[PDB]
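Peer 1: as they sit in the full assembly, here are the leading chains:
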Amino acid sequence: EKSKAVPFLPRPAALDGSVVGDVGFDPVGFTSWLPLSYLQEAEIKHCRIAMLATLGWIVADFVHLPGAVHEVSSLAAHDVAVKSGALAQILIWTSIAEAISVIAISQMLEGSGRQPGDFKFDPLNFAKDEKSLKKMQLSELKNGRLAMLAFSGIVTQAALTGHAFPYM
């Protein structure tokens, strides 16, 4: 009762405390008719994709790969990269990763034990015990949400005003 985020709204009844980044924020009750693991996986995937996208947009408006095709702004880079076939390679490998993801999310939903977003990818450690893993999961979630909103703002401002890196 009385979820932490919205103090005047009831607790979403599906987010008690046992999830990283769980401040009880679900006013429209998306968790009431969708699996929690599915939504967590979707959120983490969005976080990672948008973090990479924000970093790439900002960097590519500064540094360009050698070649005349890579001499466009990130706003206009989509139509150039799709014509050159640059985005085709990313599409192919992302589709391979996403088919393996289809298998992984199916197994997670039907038992297994794989945590949402846990691909066990960890060449370095950066997370030795449970406490470090929880803290870094919270950091990843917060940074990913911030980067999703940041990429949203960057794209909207750049489309509104065709400016360089300062999209004001």
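Peer 2: That came through fine. Numbers count the residues shown, from 1 in each chain, chains lettered A, B, ... in the order given.
Peer 1: excluding its backbone neighbours, what's nearest the residue positioned nearest the centre of chain A?
Peer 2: Centroid-nearest residue in chain A, with Cα atoms, centre = their mean: residue A:47, separated by 1.7 Å. The shortest distance from residue A:47 to any non-neighbouring residue, by Cβ to Cβ, 6 or more residues apart in numbering, is to residue A:144 (2.1 Å). To be clear about C-beta, it is placed using only N, CA and C from the backbone, and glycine gets the same treatment.
Peer 1: what helix or strand is the residue nearest to the centre of chain A located in?
Peer 2: helix A:36-60 (DSSP states H and E).
Peer 1: summarise which helices and strands that helix is packed against.
Peer 2: Judged by 3 or more Cβ pairs under 8 Å, 6 or more residues apart in numbering; DSSP states H and E, the packing partners of helix A:36-60 are helix A:86-109, helix A:130-160.
Peer 1: which residues touch residue A:9?
Peer 2: Going by Cβ atoms under 8 Å, 6 or more residues apart in numbering, residue A:9 touches A:2, A:3, A:27.
Peer 1: now residue A:7
Peer 2: Counting by Cβ under 8 Å, 6+ apart, residue A:7 has no contacts.
Peer 1: and it, helix, strand or coil?
Peer 2: Under DSSP: H, G, I helix; E, B strand; the rest coil, residue A:7 falls in the coil class.
Peer 1: so which strand or helix has the residue lying farthest from the centre of chain A?
Peer 2: Distance to the chain centre peaks in chain A at residue A:68, reaching 30.7 Å (criterion: Cα atoms, centre = their mean). Residue A:68 belongs to no helix or strand when assigned by DSSP H and E.
Peer 1: next, it: phi, psi?
Peer 2: The phi/psi pair for residue A:68 (degrees, to the nearest 10) reads phi -80, psi -30.
Peer 1: I'd like the next helix or strand past the helix holding residue A:47.
Peer 2: helix A:77-84.
Peer 1: quick one: residues in contact with that next one.
Peer 2: A:60, A:69, A:72, A:87, A:88.
Peer 1: now it: buried residues?
Peer 2: A:77, A:80, A:81 (16 or more other Cβ atoms under 10 Å).
Peer 1: a markdown table for the residues you listed, including distance to residue A:19?
Peer 2: Below are the buried residues of helix A:77-84 laid out as a markdown table (distance: Cβ to Cβ, whole Å):
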| residue | distance to residue A:19 |
| --- | --- |
| A:77 | 36 |
| A:80 | 41 |
| A:81 | 37 |
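Peer 1: now for chain B:
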Amino acid sequence: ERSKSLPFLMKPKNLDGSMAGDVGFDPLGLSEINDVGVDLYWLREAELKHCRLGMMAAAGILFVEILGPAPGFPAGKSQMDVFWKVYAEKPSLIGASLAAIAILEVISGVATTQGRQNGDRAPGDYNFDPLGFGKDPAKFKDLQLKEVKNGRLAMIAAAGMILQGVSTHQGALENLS
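Peer 2: The block that follows adds chain B to the chains above:
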């Protein structure tokens, strides 16, 4: 048995004494509506939202007309017509404000319906007391009465300002003198 405000009318059944500003002024018996998701809880929440919105709007009109606009913002003293001048030059501000108000209003409606269902939240309550001006009781009732009276007065005032600006196309205090 008779309403305090209207002695020629019987006391409205649903308005005993609880809500701040209750004087029994329900001649049409609207407090007894229990249909289309509308009841005393919904009516009180709507009244409080109207009170707060009217207070904010009246304060904004008076502030802008007396102390002038903020730097970088248009002038004209007609608040119903300066809106189109702001939108003509800063449409993004208006759009962002509208989107924020839309999200907050969706949250407000969800909260109203939930609090009506599992009764734990008083109508118009959003737990918004950052400065702790209404922590203790015996002052909360007085603050509720002050808010309700000021909000009704500002509702009437803001409706008047809207109509005056739409019709006369002049400022509020311009109409005053």
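Peer 1: same as before for the contacts of residue A:7, with chain B this time.
Peer 2: residue B:127 (Cβ atoms under 8 Å, 6 or more residues apart in numbering or on different chains).
Peer 1: contacting residues around the residue in chain B positioned nearest to chain A?
Peer 2: Closest approach between chain B and chain A, counting by Cβ to the nearest Cβ: residue B:127, at 4.3 Å. Contact partners of residue B:127, counting by Cβ under 8 Å, 6+ apart, are A:7, A:8.
Peer 1: just residue B:106 next, same as before
Peer 2: So residue B:106 contacts A:27, A:28 (Cβ under 8 Å, 6+ apart).
Peer 1: and it, what helix or strand is that in?
Peer 2: helix B:91-117.
Peer 1: which other helices and strands contact the following helix or strand past that helix?
Peer 2: Sequence order places helix B:140-168 as the next helix or strand after helix B:91-117, per DSSP H and E. If contacts are counted by 3 or more Cβ pairs under 8 Å, 6 or more residues apart in numbering or on different chains; DSSP states H and E, helix B:140-168 sits against helix B:40-67, helix B:79-89, helix B:172-176.
Peer 1: single out the most deeply packed of these.
Peer 2: Greatest average neighbour count among the helices and strands packed on helix B:140-168 goes to helix B:40-67 (a mean of 17), per mean count of other Cβ atoms under 10 Å in any protein chain shown.
Peer 1: before we move on, back to that, list the buried ones in the helix holding residue B:106?
Peer 2: For helix B:91-117, a neighbour-count test (16 or more other Cβ atoms under 10 Å in any protein chain shown) marks B:107, B:108, B:110, B:111, B:112, B:114, B:115, B:116 as buried.
Peer 1: cool, and stretch B:11-18?
Peer 2: B:12, B:14, B:15.
Peer 1: quick one: end-to-end length of it, please.
Peer 2: 13 Å (Cα to Cα, to the nearest Å).
Peer 1: how about residues contacting it?
Peer 2: So stretch B:11-18 is contacted by B:1, B:2, B:3, B:22, B:24, B:26, B:29, B:31, B:32, B:40 (Cβ under 8 Å, 6+ apart).
Peer 1: so what's the last one up against?
Peer 2: Applying Cβ under 8 Å, 6+ apart, one finds that residue B:40 lies in contact with B:14, B:15, B:31.
Peer 1: would a markdown table of those with secondary structure be doable?
Peer 2: Listed next are those as a markdown table, based on three-state DSSP:
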| residue | secondary structure |
| --- | --- |
| B:14 | coil |
| B:15 | coil |
| B:31 | helix |
